[PDB]
Amino acid sequence: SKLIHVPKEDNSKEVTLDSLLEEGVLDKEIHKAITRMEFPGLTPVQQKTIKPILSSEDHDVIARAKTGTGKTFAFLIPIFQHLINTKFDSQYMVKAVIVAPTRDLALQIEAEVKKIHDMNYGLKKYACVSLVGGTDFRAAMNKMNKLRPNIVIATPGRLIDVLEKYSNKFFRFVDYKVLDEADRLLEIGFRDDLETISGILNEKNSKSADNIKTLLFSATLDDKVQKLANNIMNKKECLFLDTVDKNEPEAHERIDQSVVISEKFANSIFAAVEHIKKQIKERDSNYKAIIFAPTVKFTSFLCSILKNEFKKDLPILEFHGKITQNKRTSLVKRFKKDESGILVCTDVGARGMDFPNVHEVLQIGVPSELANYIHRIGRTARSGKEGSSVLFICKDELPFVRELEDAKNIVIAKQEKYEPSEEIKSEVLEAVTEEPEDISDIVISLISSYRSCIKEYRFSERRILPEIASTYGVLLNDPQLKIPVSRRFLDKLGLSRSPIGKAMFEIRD
RNA sequence: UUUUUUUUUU
Ligand SMILES: Nc1ncnc2c1ncn2[C@@H]1O[C@H](COP(=O)(O)OP(=O)(O)NP(=O)(O)O)[C@@H](O)[C@H]1O
Ligand SMILES: [Mg+2]
């Protein structure tokens, strides 16, 4: 299908809620809702996408816009307008399906729909239900039946689950599907699910298999997502609306980026602790920060250290996929409202989540994928605000920083070295209550995570894996101690004959 | 000795 490029341009007439109202694109009721939010104007992506999304042209839409620049309302505004345009047709049926890669992001998008409802009670007739995992299935279906929503927001697993059982009842009249964080939903492990969802929706559609229009949004995407999305895009024309220059870096330019390079992976923990201690002092505890880590087990470990160091100064919140869904939701609600605190998380919180007035994004080690560097740091500097980010890595992770320059055109000007004092090491290690078996589990989780991104980040396997493994000895304060394991385990790892495996493990079987 | 998410509360 034909991809039509509409690139970023300089002096082009500003689009406003009024001008869209005056020109007949937006109805009074949706103009009213958004006006009462009292935004200075419409963001660039909103100005660019609202009219094309609503145009009677038979096209799909792809939109690129930097983190924190209002992509959510860029799709919700025209979705509401479509619901108004067709209000007497199939009024009890789902007309728009929005899919997100995480439950908390799905729930956030729903909360934003509810804000529109709150600014104009006349829009409540266009009801919304979220379909996400870790929530009661029956309670959610009771809500579908009671409210007969025109808008569904969902994560892929639970959406497929509902569709296999109830696609005929609610989903035969869908006109739009939206992939938020589209590039993420089209990677391995979501792409097949999105193809399944798209196939069901197209097959059940009462008008035709090509009826549904598809909208893709992300801060990180290009021409190549069209290829990846080929089986889910129905229309013969695809509009690519871009608010970023072709060669311009995708990272938000307002973020003051830096990297702190240690000799050892474990030293990044000490660097981060000292950085946080200094920020708490200098800002008189007026400090709101998010710190990312590579694995669930390590995030949990890092939370223990940060609580021991900083619980007296700031709240420390632990956010990952093994936290119960009730707690994930309640902690997201709190950190959205709070003026200060530290959110410690995995890449579950890398994309989409909008926590106002975060001062800094910190990262210990590398993201779960290259693009997530851009999304991670984009948790700060949202809707016009300032922000900073610090990447704490060790020397053997430097090829990641080179790949950021090579692949994404991101050059971090501020780079410095770090070496921990014996004082900080003692302070951090002595409060660690984890048993050796727990430290082993934690470091093994890191070995696995790093092993999986060696090719993508161009690491040297023979250097990076031993360095990650050596964290075990560092944390037990004995640097020639290796991780005790079984031969059966080493065989499973595929390192039984490797000198790399010999440098990491001791067969204490 | 589940590497990040993502139905199984249908
Ligand atoms: N026109 C506007 N003017 C000012 N703020 C806005 C506007 N539209 C939305 N916002 C706010 O901007 C913040 C970020 O919007 P959001 O839609 O989450 O960004 P996004 O582009 O999806 N970011 P990401 O998902 O991180 O790539 C939210 O707090 C919105 O309320
Ligand atoms: Mg978003």
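Chain identifiers are assigned alphabetically (A, B, ...) following the order of the sequence lines, protein sequences preceding nucleic acid strands; residue numbering begins at 1 within each chain. Excluded from the calculations below are hydrogen atoms, water molecules and symmetry mates; all remaining heavy atoms, backbone and side chain alike, are included.
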Student: How close or far is atom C1' of B:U4 from atom CZ of A:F190, stated in whole angstroms?
Tutor: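 Atom-to-atom, A:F190 to B:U4, this comes out as 9 Å.
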Student: Is it true that the neighbouring bases B:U7 and B:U8 have six-membered rings whose centres sit under 5.5 Å apart and whose planes meet at under 30°?
Tutor: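 Stacked: B:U7 and B:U8 meet both the distance and angle limits.
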Student: Can you measure A:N142 atom CG to B:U9 atom P for me and round it to whole angstrom units?
Tutor: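 Interatomic distance, CG of A:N142 to P of B:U9: 17 Å.
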Student: Categorize A:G189 for me: base, sugar-phosphate, or nothing, with a 4.0 angstrom heavy-atom threshold over every strand shown.
Tutor: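 It contacts nothing in the nucleic acid.
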Student: In terms of the angle between their ring planes, are A:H359 and A:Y287 parallel, tilted or perpendicular, with boundaries placed at 30° and 60°?
Tutor: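 Aromatic pair A:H359/A:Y287 classed parallel.
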Student: In terms of the nearest nucleotide of RNA chain B, which residue is placed more toward the 5' end: A:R138 or A:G133?
Tutor: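 Result: A:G133.
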Student: Within the structure, does a side-chain N or O atom of A:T346 lie under 4.0 Å from either OP1 or OP2 of B:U5?
Tutor: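 Indeed, a polar side-chain atom of A:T346 lies that close.
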Student: Test of understanding: with ring pair (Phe, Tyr, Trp, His ring centres under 6.0 Å), list the residues that count as partners of A:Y126, not counting sequence neighbours.
Tutor: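 So A:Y126 forms no ring pair (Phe, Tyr, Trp, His ring centres under 6.0 Å) with any residue.
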Student: Of the listed nucleotides (B:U1, B:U4, B:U6), which one gets closest to any side-chain atom of A:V296?
Tutor: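 Out of B:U1, B:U4, B:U6, the nucleotide with an atom closest to A:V296's side chain is B:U4.
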Student: So, under a plain 3.5 Å distance rule, would you say the side chain of A:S452 forms a donor-acceptor pair with the base of B:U3?
Tutor: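 By the distance-only test, yes, there is a pair.
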Student: Rounded to the nearest angstrom, tell me the gap between atom CG in A:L163 and atom P in B:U10.
Tutor: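 Rounded to the whole Å, the gap is 17 Å.
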Student: Rounded to whole Å, how long is the line connecting atom CG of A:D438 with atom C1' of B:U1?
Tutor: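 In whole Å, B:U1 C1' and A:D438 CG are 12 Å from each other.
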Student: For a quick check of understanding: with a heavy-atom distance under 4.0 Å over all strands, which category does A:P367 fall into, base, sugar-phosphate or nothing?
Tutor: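 Counting heavy atoms under 4.0 Å across all strands, no contact is made by A:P367.
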Student: Atom CD1 of A:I447 to atom P of B:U4: distance rounded to whole Å?
Tutor: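 Interatomic distance, CD1 of A:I447 to P of B:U4: 14 Å.
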Student: Rounding to an integer number of Å, can you tell me how far A:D136 CG sits from B:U7 P?
Tutor: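 In whole Å, B:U7 P lies 14 Å from A:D136 CG.
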Student: Base, sugar-phosphate, or nothing: which does A:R351 touch, judged by heavy atoms less than 4.0 Å apart?
Tutor: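 A:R351: no heavy atom of the nucleic acid under 4.0 Å.
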Student: Which residue in the set A:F392, A:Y457, A:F459, A:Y450 passes ring pair (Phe, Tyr, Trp, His ring centres under 6.0 Å) when paired with A:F400?
Tutor: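 Testing each of A:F392, A:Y457, A:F459, A:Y450 against A:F400, the sole residue satisfying ring pair (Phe, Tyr, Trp, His ring centres under 6.0 Å) is A:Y457.
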Student: The side chain of A:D161 lies closest to which of these nucleotides: B:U4, B:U5, B:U10?
Tutor: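 The closest nucleotide is B:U10.
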Student: Have a look at A:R158 and say if it touches a base, only the backbone sugar-phosphate, or nothing, with a 4.0 Å heavy-atom cut-off.
Tutor: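 Sugar-phosphate only.
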Student: CD of A:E318 versus P of B:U4: gap in Å, rounded?
Tutor: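 Rounded to the whole Å, the gap is 13 Å.
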Student: Measure from CD on A:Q108 to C1' on B:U5 and round the result to the nearest Å.
Tutor: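 About 16 Å, once rounded to whole Å.
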Student: For A:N267, which residues count as a side chain to side chain donor-acceptor pair (under 3.5 Å) partner, sequence neighbours excluded?
Tutor: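 Per chain and number, A:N267 pairs via side chain to side chain donor-acceptor pair (under 3.5 Å) with no residue.
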Student: Between A:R103 and B:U7, does any side-chain N or O lie under 4.0 Å from OP1 or OP2?
Tutor: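 A:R103 to B:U7 OP1/OP2: side-chain N or O found under 4.0 Å.
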Student: Step by step, would you call A:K288 with A:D338 a salt bridge (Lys or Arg N to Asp or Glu O under 4.0 Å)?
Tutor: CA-CA 8 Å; A:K288 190 178 187 176; A:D338 278 12; over 6 Å; no
Student: Check whether any side-chain nitrogen or oxygen of A:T155 sits under 4.0 Å from OP1 or OP2 of B:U7, and answer yes or no.
Tutor: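 Yes.
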Student: Assuming nearest nucleotide by heavy-atom distance, tell me which of A:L131 and A:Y166 is located more 5' along RNA chain B.
Tutor: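 The residue closer to the strand's 5' end, by nearest nucleotide, is A:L131.
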Student: Return no unless some side-chain N or O of A:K297 is found under 4.0 Å from OP1 or OP2 of B:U3.
Tutor: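 For A:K297, the contact criterion (side-chain N or O under 4.0 Å from OP1 or OP2 of B:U3) is met.
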Student: Measure the acute angle between the ring planes of A:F301 and A:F298, then classify it against the limits of 30° and 60° as parallel, tilted or perpendicular.
Tutor: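 Correct class here is tilted.
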Student: If you check every side-chain atom of A:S449, which of B:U10, B:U3, B:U5 has the closest atom?
Tutor: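 Selected nucleotide: B:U3.
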